[PDB]
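In the structure tokens that follow, a single protein chain appears in two forms: structure 1, then structure 2.
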Structure 1
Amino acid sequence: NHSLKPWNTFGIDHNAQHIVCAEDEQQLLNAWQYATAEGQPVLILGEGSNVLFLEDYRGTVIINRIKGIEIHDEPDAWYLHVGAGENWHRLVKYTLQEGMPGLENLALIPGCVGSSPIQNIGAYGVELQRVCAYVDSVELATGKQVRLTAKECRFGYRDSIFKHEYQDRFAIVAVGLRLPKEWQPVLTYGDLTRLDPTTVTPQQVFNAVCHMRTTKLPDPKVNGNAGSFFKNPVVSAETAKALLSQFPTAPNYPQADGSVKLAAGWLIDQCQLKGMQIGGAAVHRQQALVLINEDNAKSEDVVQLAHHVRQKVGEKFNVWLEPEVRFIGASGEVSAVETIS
């Protein structure tokens, strides 16, 4: 019925039975019961910057546009209650304008605020769990409100409880953020290490990060994409050691649990996949992990190319990449790994 092309950054042109913009929590709950009473599946979307529509969605797509930014003062920090429909970068830009630093490393990350805790948005040595106080959700079937604390969200690398037992039944309506008044700059990543720690300000980091991302990362407006198509593979300590014996120059960081996060873009580049094209789908020439809609790409083309990238990295390194972009079937979420396997 209705084209989803304007509602996803990848530029995939599939149809949805019905599309509605929810301005508040109750309108989202109302749109749920109706579609659910009609026997339709319901998909809660934000800005669509990390979704891959595989085919026509045979249901209702509720676009979360719940606005609001409340500020609460405590002696040692600022507490922000932000609506799920708020643009993330606009919020990051707003907080720095009001003199509330903390989100400057997460600048220019696309998508809404409601989607930020789902895969714990992270960039330049900072993740959302660092500043997340809580996340508000409504049980879609009943309309009952639930406030999960930062600990209850079970944040990990591109992972949270909203990708598991809170995935299907719940819709995020608000996100709580704690910004410490005693600001501590995170400058241990890339070209931010070249900033002077003694004189660095939140705005200098924000402007630096925005310039780094604009010049280096692929823009969906030039060629449609959903950021990094694959996650940076988090492998075991022994698996990382065996790989580093053969490939000692492989970029890697040790994790809290003792696992090892390997660079996906590096592994893909080492297989000579830059510029590889399956139809309209293409691997970007700078950021190899970013798949792009180069020329009227089918959703099959992207899945076909993603499989080919996964297989070549798998045969060379014995490391099997998992998609960070979420795959949407005809009736809702599907296993992205099983689709590319």
Structure 2
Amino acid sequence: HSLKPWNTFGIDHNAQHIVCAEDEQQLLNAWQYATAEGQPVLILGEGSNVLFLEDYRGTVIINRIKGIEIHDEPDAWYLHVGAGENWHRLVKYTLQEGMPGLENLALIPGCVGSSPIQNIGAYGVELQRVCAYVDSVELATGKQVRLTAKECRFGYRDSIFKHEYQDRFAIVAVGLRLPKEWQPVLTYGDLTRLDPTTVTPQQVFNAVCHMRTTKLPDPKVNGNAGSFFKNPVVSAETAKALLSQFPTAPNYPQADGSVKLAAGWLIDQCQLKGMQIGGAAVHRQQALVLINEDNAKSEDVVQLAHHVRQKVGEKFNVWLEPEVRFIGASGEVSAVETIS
């Protein structure tokens, strides 16, 4: 009944059933049985991106479909990875096998199956960069389907799986394409200190992990779901109006002229680091991250998010949108709405 070991936030709510699907047939059967009993179904990889708001009235299927296949093409390595494979382990694996291209995405928690959902990205790379396709099983029909990287409609922490393909499909495998001709992505932070000629994949790996382990909390220590909010994209004007008064605001100018702001900075500027509500708190090393500091109740996390969002809204008139999926009793609910 407890979901606590199934979500990195460490939230303790219960589910009617929790089932591990070692293969697709198991996931499908589990889904069929639950929906026949009129129950809702939630598929989880590592629950490192979900906030359970209360007891779940249905079945939670832990996707553990494992296996990796490497297909060689003259120009690149094609990996067909089971949805249940651990992402970080895959990254280390690929590097170990001399198939670089995933190092910037090192240490990101979760399963491979969940990687396309919010287009995992960090340190200059997003999964869309190395994603070839994503294979799913249409839960209600059993029909396996494949979406090319383009048909996935990848965006900043976004994909078709968060919209049109949500719930209808269960991701069972992800295909990655790693060019044989490696080219390091050294555009982000401390990575710019490295030399594109001398640098090795492993060196980028370590550089990335160093920045991560110095800023992000390990869920083993304090439960968390990473960045709690997305970095907001404001219009070029709001950015004009904001950067004048707050000149040192980290901002990332967008294609269409709009501008992304660093949410962690906005929160930090509100002196929110270390702020706690109940057992939840704003991480002192990276304010964008809310943590389960001491037996946090989900409501502690919701109210802390609300406070953070409000303070940042009053000060910068920039309204933060959660990146974490909020799971209500019958399924995902509107996070923003929940923390409004």
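What we label the rigid core is the largest C-alpha set whose atoms superpose within 1.5 Å from one form to the other. Residue 1 is the first residue of structure 1, and the numbers go on in sequence order from there.
For the residue set 74, 182, 98, 257, core-aligned C-alpha shifts between structure 1 and structure 2 reach 2 angstroms or more at a single site, 257. After superposing the rigid core, the C-alpha of residue 165 moves by less than 2 Å between structure 1 and structure 2. Once both forms are fitted on their core, the CA shift for residue 270 between structure 1 and structure 2 remains under 2 Å. The rigid-core alignment places the CA of residue 141 less than 2 Å apart between structure 1 and structure 2. Superposing the rigid core and comparing between structure 1 and structure 2 gives a CA shift of 1.4 Å at residue 219. Taking the rigid core as reference, the CA displacement of residue 239 between structure 1 and structure 2 comes to 2.4 Å. At residue 53, the distance the Cα travels between structure 1 and structure 2 is 0.4 Å after the core is superposed.
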